[PDB]
Amino acid sequence: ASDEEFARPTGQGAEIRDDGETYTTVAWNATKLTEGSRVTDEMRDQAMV
Amino acid sequence: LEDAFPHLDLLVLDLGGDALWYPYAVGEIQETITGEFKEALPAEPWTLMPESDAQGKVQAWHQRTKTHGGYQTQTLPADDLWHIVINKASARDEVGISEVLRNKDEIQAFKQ
Amino acid sequence: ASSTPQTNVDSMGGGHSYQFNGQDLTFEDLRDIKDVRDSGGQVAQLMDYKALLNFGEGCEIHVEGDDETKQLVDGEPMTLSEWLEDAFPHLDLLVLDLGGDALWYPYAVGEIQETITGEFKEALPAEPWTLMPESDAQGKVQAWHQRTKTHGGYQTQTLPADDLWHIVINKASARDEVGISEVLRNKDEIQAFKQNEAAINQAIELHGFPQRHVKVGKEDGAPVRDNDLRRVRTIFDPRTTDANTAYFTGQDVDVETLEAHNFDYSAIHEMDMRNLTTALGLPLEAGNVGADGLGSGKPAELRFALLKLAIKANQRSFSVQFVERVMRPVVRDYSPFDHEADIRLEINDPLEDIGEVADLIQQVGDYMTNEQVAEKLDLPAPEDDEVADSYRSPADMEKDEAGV
Amino acid sequence: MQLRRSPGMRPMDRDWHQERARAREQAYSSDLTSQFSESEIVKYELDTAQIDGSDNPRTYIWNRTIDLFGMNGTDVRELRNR
Ligand SMILES: [Mg+2]
Ligand SMILES: [Mg+2]
Ligand SMILES: [Mg+2]
């Protein structure tokens, strides 16, 4: 949404002017981050942790 | 007996359920630290398979269980587990039949 | 035998980080259940009906040999049942709320609380999607890990499996201490339902209503351009047409109709509801969908028996854990009574008909004590033990006393 | 006064969101003229959407001429090592 603005001074019986809310956007992309590792069955078994 | 097995209504439903899904229900006897009886403790039936002699009686139980990224396996004697079979191939069948595997084709036909 | 289990339990996972473990469930999986619960519609109402069936009819506390427990608590006598009914005044609400949450989530979970004086306050529940258990290699829960939202991020903390309690209705095995969400067990069925609902709704918007197709110009004649059609659009505009508008044209304007193209959306809904209700174990009738032949005779008797059996199984599963994990610790820690006493919490049958019970009492009351009759009839037992214990009715004993 | 098509209002319109999402799933390349009506390009401001074909599932699905092994229809961004 656009910032807060101000009302304007107006004559009595005069038509009120339009200062409606106006919008823009922020675009996201989303990059895939990845990490991996591999362990043999033998290593998985024998490790003390 | 009613004091030894307070919640037998739940245990009967649990073991009876397992013994319809799997070939057997199976478990341990358990004791208090003082060595008075605690419970009959069921064991996860998909983790255990029986090993049996030339006259068909179970002599040992072989257990395989999941662990991070693999399996741990152990063997226990028939001396201190117990097991129950609802569905049998014969009156001598001490190992039993899964009704799921007996009807796997109908299950597949349904799902497909 | 042994004082510790020698069978292993199949259930490692995670640590501090997320893992797609299968045995464990993440705070995201838990908040997915929260989203199904609060996003409403037919799915939510069916699971609320499931909670109301299992736990909506309220409860009663029993102790075997309750009279033998008579003790001065605070210059006044109580039995253990009387003390428990003061300890848990509104147990019916707690049973419905915990029992409902234990059908939604894998478990209900909560604290024990004390007054400032240290006397028992309440068994305050905890928000189940915020909490997950940590369990050891032999199967017991050892700690509870809590994640809770704060202002665009999260707090997190850990608690011992000591001053919390938890209850599991649905289990992977008889040795399972962590349980299964029936929602996540059936997530595919729920999304199948929601997708077909969206597909029908969009098909009704496009195909449920006829649409006007005005064709302009003679076939193989002069072509008509977009600015020419703009004036024909002005005439036949549905936005300014009314029921009895009439049209006058040359031969070369054709007012065609796209008919409402029939499809049996009702049959698609009946199929979706049959899938979803049966997947959640409810009878199809709960979904406001009817059936053929199933509404009468032994076909009705069976499905209602299957529902009642499922309810009794859940009720006993909840009752046993609530007594063992909430009531007994409260008695042990805050009460002058023996916690080893034979407490039962029993939960009422939601589908029992009192007219059927009244018929039974007329037929076989001659074999029931007045307390057994009062228990079946859901009444306070007689105040005088001899009439309570006797078999013939208290009104029949009164008219005999009036003869004496 | 603001209309639905007016430039300050586009981000309020549900359809501007939904249709930009559609446009990203349709495309095979950033060349909008090859793929979209000139009405769509203006109405949905498709110049400002990151349209490049990277969001289209068909970019990742296998579709070989002959398939003896049921490989077709697998999506590579759903494999074990992805
Ligand atoms: Mg202004
Ligand atoms: Mg301005
Ligand atoms: Mg011409």
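Basis for what follows: all heavy atoms, side chains included, without hydrogens, waters or symmetry-related copies. Each chain gets a letter, A, B and so on, in the order its sequence line appears, and its residues count up from 1. Atoms within a ligand are numbered from 1 in the order they appear, just like the ligands themselves.
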_Within the 3.5 Å criterion, strictly below it, is a donor on C:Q157 or C:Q146 matched to an acceptor on the partner's side chain?_
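C:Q157 vs C:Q146: donor-acceptor pair found between side chains.
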
*Taking side chain as C-beta onward, heavy atoms only, is D:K43 less than 4.5 Å from D:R5?*
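Contact flag for D:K43/D:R5 side chains = yes.
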
*Please step through side-chain contact (heavy atoms from CB on, under 4.5 Å) for the pair C:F120 and C:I112, ending with a clear verdict.*
CA-CA 8 Å; C:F120 179 54; C:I112 300 301; 4.0 Å; yes

*Is any protein N, O or S atom closer than 2.8 Å to the Mg ion (ligand 1), and if so, which?*
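Listed by chain and number, the nearby protein N, O or S atoms are A:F6 O, A:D19 OD2.
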
Below 3.5 Å, can you tabulate the donor-acceptor pairs from side chains in residues 159-171 of chain C to any protein atom, sequence neighbours excluded?
residue	atom	partner	partner atom	Å
C:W165	NE1	C:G110	O	3.4
C:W165	NE1	C:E111	O	2.8
C:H166	NE2	C:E177	O	2.8

*asked:* Please confirm whether the ring centroid of C:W144 lies under 6.0 Å from the ring centroid of C:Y107.
replied: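 Between C:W144 and C:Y107, the centre distance is under 6.0 Å.
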
_Atom CG of C:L124 with >12 non-hydrogen neighbours under 6.0 angstrom_ =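 Yes, because the 6.0 Å sphere around CG of C:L124 holds more than 12 heavy atoms from other groups.
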
